[PDB]
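Colleague: Those sequence lines, one after another, are chains A and A'. A prime marks a further copy of an entry chain. When the letters of the first sequence are read in order and numbered with the entry's author numbering, they come out as residues 1 to 302. When the letters of the second sequence are read in order and numbered with the entry's author numbering, they come out as residues 1 to 302. Got a structure here, written out as structure tokens. Questions coming.
Number of protein chains: 2
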Amino acid sequence: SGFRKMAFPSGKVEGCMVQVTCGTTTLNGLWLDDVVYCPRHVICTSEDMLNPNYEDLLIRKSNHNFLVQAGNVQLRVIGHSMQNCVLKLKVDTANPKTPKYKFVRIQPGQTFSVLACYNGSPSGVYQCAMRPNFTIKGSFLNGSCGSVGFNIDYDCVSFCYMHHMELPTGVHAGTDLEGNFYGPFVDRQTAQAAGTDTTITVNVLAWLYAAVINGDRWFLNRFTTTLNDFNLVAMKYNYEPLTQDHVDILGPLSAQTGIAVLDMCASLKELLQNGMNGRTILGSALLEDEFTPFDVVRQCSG
Amino acid sequence: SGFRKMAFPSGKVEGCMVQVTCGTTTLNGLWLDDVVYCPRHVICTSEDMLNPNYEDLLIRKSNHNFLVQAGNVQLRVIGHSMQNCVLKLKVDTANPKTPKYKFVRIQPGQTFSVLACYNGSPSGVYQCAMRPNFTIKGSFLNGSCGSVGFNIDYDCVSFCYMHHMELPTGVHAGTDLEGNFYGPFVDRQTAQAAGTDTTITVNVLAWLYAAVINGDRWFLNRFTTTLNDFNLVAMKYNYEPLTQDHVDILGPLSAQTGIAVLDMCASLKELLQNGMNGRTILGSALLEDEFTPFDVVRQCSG
Ligand SMILES: *[C@H](S)C(=O)c1cccc(C(=O)Nc2ccccc2)c1
Ligand SMILES: *[C@H](S)C(=O)c1cccc(C(=O)Nc2ccccc2)c1
Numbered sequence: 001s002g003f004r005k006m007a008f009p010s011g012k013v014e015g016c017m018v019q020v021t022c023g024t025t026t027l028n029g030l031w032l033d034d035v036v037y038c039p040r041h042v043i044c045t046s047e048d049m050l051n052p053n054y055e056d057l058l059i060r061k062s063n064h065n066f067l068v069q070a071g072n073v074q075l076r077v078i079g080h081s082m083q084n085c086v087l088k089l090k091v092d093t094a095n096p097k098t099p100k101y102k103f104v105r106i107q108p109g110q111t112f113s114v115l116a117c118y119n120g121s122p123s124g125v126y127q128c129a130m131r132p133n134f135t136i137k138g139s140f141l142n143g144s145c146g147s148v149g150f151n152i153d154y155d156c157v158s159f160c161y162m163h164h165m166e167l168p169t170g171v172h173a174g175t176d177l178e179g180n181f182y183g184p185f186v187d188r189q190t191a192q193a194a195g196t197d198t199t200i201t202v203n204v205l206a207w208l209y210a211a212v213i214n215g216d217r218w219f220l221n222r223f224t225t226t227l228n229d230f231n232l233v234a235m236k237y238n239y240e241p242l243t244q245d246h247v248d249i250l251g252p253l254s255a256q257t258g259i260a261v262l263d264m265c266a267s268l269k270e271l272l273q274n275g276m277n278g279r280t281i282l283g284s285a286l287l288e289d290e291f292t293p294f295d296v297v298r299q300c301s302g
Numbered sequence: 001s002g003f004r005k006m007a008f009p010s011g012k013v014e015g016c017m018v019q020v021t022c023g024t025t026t027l028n029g030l031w032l033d034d035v036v037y038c039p040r041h042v043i044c045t046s047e048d049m050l051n052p053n054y055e056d057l058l059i060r061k062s063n064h065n066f067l068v069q070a071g072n073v074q075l076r077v078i079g080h081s082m083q084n085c086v087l088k089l090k091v092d093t094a095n096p097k098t099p100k101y102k103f104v105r106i107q108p109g110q111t112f113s114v115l116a117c118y119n120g121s122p123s124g125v126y127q128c129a130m131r132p133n134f135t136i137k138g139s140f141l142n143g144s145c146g147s148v149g150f151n152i153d154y155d156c157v158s159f160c161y162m163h164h165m166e167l168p169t170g171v172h173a174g175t176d177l178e179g180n181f182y183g184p185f186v187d188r189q190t191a192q193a194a195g196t197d198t199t200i201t202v203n204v205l206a207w208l209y210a211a212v213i214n215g216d217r218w219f220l221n222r223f224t225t226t227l228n229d230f231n232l233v234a235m236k237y238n239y240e241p242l243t244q245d246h247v248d249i250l251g252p253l254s255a256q257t258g259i260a261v262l263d264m265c266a267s268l269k270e271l272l273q274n275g276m277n278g279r280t281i282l283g284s285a286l287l288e289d290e291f292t293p294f295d296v297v298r299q300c301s302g
């Protein structure tokens, strides 16, 4: 028992992290087979970042302008290309530590592990969720771009995020491994800002099931609700709408606990309307929305 | 910016995890050089667990009774011995992935990363603190014993915890790598229970400094307090006493933010006396005490 924000073991990703330097800009890259992936911003100067034309900047570079270091070893760059907002640096050597992998794009409301890295060296690992507004609430300092987010299933690493920047509210934006941004953000200097966000309802319900599995029951009640009435309440509290697919996805947790999904929705309605009256759930005094139903099943199945 | 419960990258520990089976009991072991460390409970039957004499149980075993599997490869056991509550299984082969390492015992109030493992396979990584009452609030299911806790400094893994059991409140107990339990717990069946706990004051103050570094300032005030008056309040709220060494340890964070330690203590006093009035700090509606001053400096230095 217990319930923690748990990341995937990071070793398979650690052995892919490298340092990429262009000019005076140093950031992280992801070395898979004989390619190193990194943010294309690495080819920019500070002055370049207002309306940069990356095609022009890149045509003015050659392979020797890219310094790739894998721990102690220099990797010889033998080709370079752009793919959306990422750069692909073809190298001399295939990474002998390449895991089985996929590039997947995730949905808002899905979670993933982040391996924060600086100068190609892994620093820490933590769990993040893609917010409805396509930002992530990460923990990143200068030099962290190029750090990646991922999930692991069996022995296969599904990379879903490369870090690019910090928005003015301190939340983070980046792309998928194909270089396509999550959300309406760009890799140039603008007044871009996170849009309005909402709470991920299905995840909050998953976490209430985790709490019941772990012995927190005080918020349960004998009541039930309809999906429509619940969604009226959700809309009032800036929660996203609950669909029948969400209800279906919560099926196994409902069966394990014997608490119907619409009964748990009645509990959530009460918690939104009344607050917690000084109590906690799984060690939190707020409703947590960064655990998916899958995260709960993975951690609480025993 | 941002502030997350961040674990150390787990790869160096992943390459040390193995499966140990004795009879019908399977658990995890830690393979370093040519020794595998695991909980001595592996030699028990269910009936053995009321007043077991482990010296008797072990003298009735031979090397061939221990099955050690490192992923796909069987490791031949060539010696066995007890060291307090852990078993040391000498094996045929030295682990080629052994990191630089130390066995350190930590203090209550210190944090560490936990690599949760099942059947020798790493499952997840998360950050934990040793509570004042020598339990940890982990996330562990059946089969997780033998999982370890650790910190990493430079390239050296300091192992500080091996998991043994779950107490009736759902919190966890285990030993150091020398097999000595943290706290007054034993590896036999008793009505043992976690003792009274307290909040780790110095860590809460560290986390308030993290919040200020990250732009949460609403809880600051122009007031200050004496150490004695603050500690009267701490005692009232089941917080541990703040020492001058704690104040000294908070020195760098105080200097970085320009908020004197006893000023931040005045803020903490107000928060304990008034609550939060519906606000949050670093995304929490409660005062967080599982970040050390070191954890804050490591993550918030930028
Ligand atoms: C690095 S995180 C990166 O890819 C990037 C993309 C877009 C914009 C920036 C930026 O403006 N400033 C930097 C520079 C270096 C490191 C972090 C942020 C960066
Ligand atoms: C395994 S976590 C372990 O070392 C252990 C030590 C002391 C007591 C127990 C126990 O009673 N029951 C078990 C058995 C197997 C796995 C977890 C707990 C276990």
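Where a beta carbon is used, it is the ideal one built from N, C-alpha and C, also for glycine.
Any residues in the stretch 284-295 of chain A' with a beta carbon nearer than 9 Å to a beta carbon of chain A? Which ones, in chain order?
Modeller: Listed in sequence order: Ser284, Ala285, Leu286.
Colleague: Do we get a CB-CB distance below 8 Å when we pair A:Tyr182 with the residues of chain A'?
Modeller: No, its Cβ sits nowhere closer than 8 Å to a Cβ of chain A'.
Colleague: Under a three-way DSSP split, which group does A':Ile43 fall into?
Modeller: Three-state DSSP puts A':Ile43 in a helix.
Colleague: Starting from A':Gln299, follow the alpha helix (DSSP H) in both directions and report where the run begins and ends.
Modeller: Where A':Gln299 is concerned, the enclosing alpha helix (DSSP H) stretches over 293-300.
Colleague: Is the stretch 273-290 of chain A' touching the stretch 204-219 of chain A', taking contact as three or more C-beta pairs under 8 Å?
Modeller: Because the criterion of three Cβ pairs below 8 Å is met, the stretch 273-290 of chain A' and the stretch 204-219 of chain A' touch.
Colleague: Quick check: is any heavy atom of ligand 1 less than 7 Å from the C-beta of A':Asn151?
Modeller: A':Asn151 Cβ: outside cutoff for every heavy atom of ligand 1.
Colleague: Hey, A:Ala234 and A:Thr196: beta-carbon distance below 8 Å or not?
Modeller: The answer is no: Cβ separation not under 8 Å.
Colleague: Distance, Cα to Cα, A':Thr199 vs A':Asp289?
Modeller: Distance between the alpha carbons of A':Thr199 and A':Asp289: 7 Å.
Colleague: How should A':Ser121 be labelled, buried or exposed, when 16 other C-beta atoms within 10 angstroms of its C-beta is the threshold for buried?
Modeller: Burial call: exposed.
Colleague: Use the C-beta contact count for A:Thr111: other C-beta atoms within 10 angstroms, 16 or more gives buried, fewer gives exposed.
Modeller: Buried, since its Cβ has 16 or more Cβ neighbours within 10 Å.
Colleague: At a cut-off of 7 Å, is A':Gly29 close to ligand 2 when judged by its beta-carbon and the heavy atoms of the ligand?
Modeller: No, Cβ of A':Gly29 sits at least 7 Å from all heavy atoms of ligand 2.
Colleague: Beta carbon of A':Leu67, beta carbon of A':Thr25: below 8 Å?
Modeller: Not a contact, by the Cβ cut-off of 8 Å.
Colleague: Which bits of chain A does A':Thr198 rub up against, with CB to CB less than 8 Å?
Modeller: Within 8 Å Cβ-Cβ: nothing; A':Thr198 doesn't reach chain A, min ~16 Å.
Colleague: Report the residue from A':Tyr182, A':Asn72, A':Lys90, A':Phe294 whose alpha carbon sits nearest the alpha carbon of A':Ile78.
Modeller: Selected option, being the one with the closest Cα: A':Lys90.
Colleague: Determine the DSSP secondary structure at A:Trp207, reduced to helix, strand or coil.
Modeller: Three-state DSSP puts A:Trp207 in a helix.
Colleague: Count the CB pairs spanning the stretch 101-110 of chain A' and the stretch 174-192 of chain A' that are closer than 8 Å, and state whether there are at least three.
Modeller: At 8 Å Cβ cutoff, the stretches touch.
Colleague: Strictly below 7 Å CB to CB, what residues from chain A' border A:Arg217?
Modeller: Per Cβ cutoff of 7 Å: no residues; A:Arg217 is ~13 Å from chain A' at best.
Colleague: So, is the C-beta of A:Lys137 closer than 8 Å to a C-beta in chain A'?
Modeller: Judged by the 8 Å Cβ criterion, A:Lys137 is in contact with chain A'.
Colleague: Output, in chain order, the set of chain A residues within a Cβ distance shorter than 7 Å of A':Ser147.
Modeller: Here the premise fails: no neighbours, minimum Cβ distance about 11 Å.
Colleague: Using 10 angstroms around the beta-carbon of A:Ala191, count the other beta-carbons present and answer buried if the total reaches 16, otherwise exposed.
Modeller: When all chains shown are included, A:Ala191 counts as exposed.
Colleague: Establish whether the CB of A':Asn238 and some CB of chain A are separated by less than 8 Å.
Modeller: Taking Cβ atoms only, chain A never reaches closer than 8 Å to A':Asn238, which makes this a no.
Colleague: Within 7 Å: the Cβ of A:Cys16 and any heavy atom of ligand 1?
Modeller: Because no heavy atom of ligand 1 lies under 7 Å away, the Cβ of A:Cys16 does not count as near it: no.
Colleague: Expressed to the nearest angstrom, what Euclidean distance is found between the alpha-carbon atoms of A':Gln189 and A':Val114?
Modeller: Looking at the two C-alpha atoms, the distance is approximately 25 Å.
Colleague: Could you check whether A':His80 and A':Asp187 sit closer than 8 Å to each other, using their CB atoms as the reference points?
Modeller: Not a contact, by the Cβ cut-off of 8 Å.
Colleague: Indicate whether A':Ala116 and A':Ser147 have their beta-carbon atoms separated by less than 8 Å.
Modeller: Result yes, Cβ atoms of A':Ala116 and A':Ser147 sit closer than 8 Å.
Colleague: Answer yes or no: the CB of A:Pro184 versus the heavy atoms of ligand 1, is any distance below 7 Å?
Modeller: Not under cutoff, so the answer is no.
Colleague: Taking A:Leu32 as part of the beta strand (DSSP E), name the residues at either end of that continuous run.
Modeller: Taken as a continuous stretch (DSSP letters only), the beta strand (DSSP E) holding A:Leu32 covers 25-32.
Colleague: Can you grab the Cα-Cα spacing for the pair A':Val247 / A':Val261, in whole Å?
Modeller: Approximately 6 Å between the Cα atoms of the pair.
Colleague: Starting from A':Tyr118, follow its DSSP beta bridges and name the residues at the other end.
Modeller: A':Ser121, per the DSSP bridge assignment.
Colleague: Excluding sequence positions up to five away, which residues of its chain have a Cβ less than 6 Å from the Cβ of A':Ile249?
Modeller: Counting only Cβ-Cβ distances below 6 Å, and skipping sequence neighbours, we find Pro293.
Colleague: With a threshold of 16 other CB atoms inside 10 Å of the CB of A':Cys156, please say whether the residue is buried or exposed.
Modeller: By the neighbour-count rule (16 or more Cβ atoms within 10 Å), A':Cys156 is not buried but exposed.
Colleague: Taking only beta carbons into account, state which residues of the stretch 55-86 of chain A' come closer than 7 Å to chain A, listed in chain order.
Modeller: Residues passing the 7 Å Cβ filter: none.
Colleague: Compare the beta carbon distance of A':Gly149 and A':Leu27 with 8 Å and say whether it is the shorter of the two.
Modeller: No.
Colleague: Quick check: is the beta carbon of A':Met162 nearer than 8 Å to any beta carbon in chain A?
Modeller: For A':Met162, the answer is no, since every Cβ of chain A falls outside 8 Å of its Cβ.
Colleague: Do the stretch 123-134 of chain A' and the stretch 1-10 of chain A make contact, defined as three or more Cβ pairs closer than 8 Å?
Modeller: The stretch 123-134 of chain A' vs the stretch 1-10 of chain A: in contact.
Colleague: DSSP puts A':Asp153 in a beta bridge; with which residues?
Modeller: A':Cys156.
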